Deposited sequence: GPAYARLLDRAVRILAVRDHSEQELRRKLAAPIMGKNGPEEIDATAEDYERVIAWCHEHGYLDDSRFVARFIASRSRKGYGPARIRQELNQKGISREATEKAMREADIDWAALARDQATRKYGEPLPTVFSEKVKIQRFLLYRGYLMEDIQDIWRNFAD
């Protein structure tokens, strides 16, 4: 009906611009109609390719990993975006990204190559990589 069509126009205009998670789309539809009208719009967007959280999460992991963030931060950010843990874990497994190698790269960029090895400097390097979201397990072998 009228509410559905008005909300559909609003949704497509938002989504035509750039990728959103389904939850990001909801927040924007709710920013300045029945529950069924919202759901029907959502459903249309998925059917016509304007929403696809699996595509969204794969792209997000790729992008954030290239910017020097590790899994623990990426997972937190995805949760904020309303991506299911299921979608996140599948896309993580699929991306098969060598986090230890990317961490080593961030470290040499900030701290030089060969990496510092003195105890007090190594601790600072570990702190930096952990804050970036790399796992202790990722970090243990950069040396």
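List the gaps, meaning deposited-sequence segments with no CA coordinates, ordered along the sequence. The deposited sequence has unmodelled segments at 33-43, 155-159.
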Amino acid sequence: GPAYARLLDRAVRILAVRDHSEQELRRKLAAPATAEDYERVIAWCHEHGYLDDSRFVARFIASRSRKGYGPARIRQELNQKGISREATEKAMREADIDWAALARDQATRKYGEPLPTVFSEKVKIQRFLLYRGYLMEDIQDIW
From here on, numbers count along this sequence of modelled residues.
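Do the CA atoms of 109-117 or those of 45-53 have the higher mean B-factor in the entry? Between 45-53 and 109-117, it is 109-117 that shows the higher mean C-alpha B-factor.
Average Cα temperature factor in the PDB entry - higher stretch of 4-12, 133-141: Mean CA B-factor is higher for 133-141.
Maximum C-alpha temperature factor, selected from 75, 81, 28, 64: Largest recorded C-alpha B-factor: 28.
Just say lowest, middle or highest third for the CA B-factor of residue 127 relative to the other modelled residues in its chain. Its C-alpha B-factor, which the entry lists for residue 127, ranks in the lowest third among residues of this chain.
Quick check on the deposited entry: does the C-alpha B-factor of residue 101 sit in the lowest, middle or highest third of its chain? Its C-alpha B-factor belongs to the highest third of this chain's values.
Going by the entry, which third of its chain does the Cα temperature factor of residue 92 land in? As the PDB entry reports it, the C-alpha B-factor of residue 92 lands in the middle third of its chain.
By the recorded C-alpha temperature factor, relative to the other modelled residues in its chain, which third is residue 32 in? Highest third of the chain for residue 32's C-alpha B-factor.
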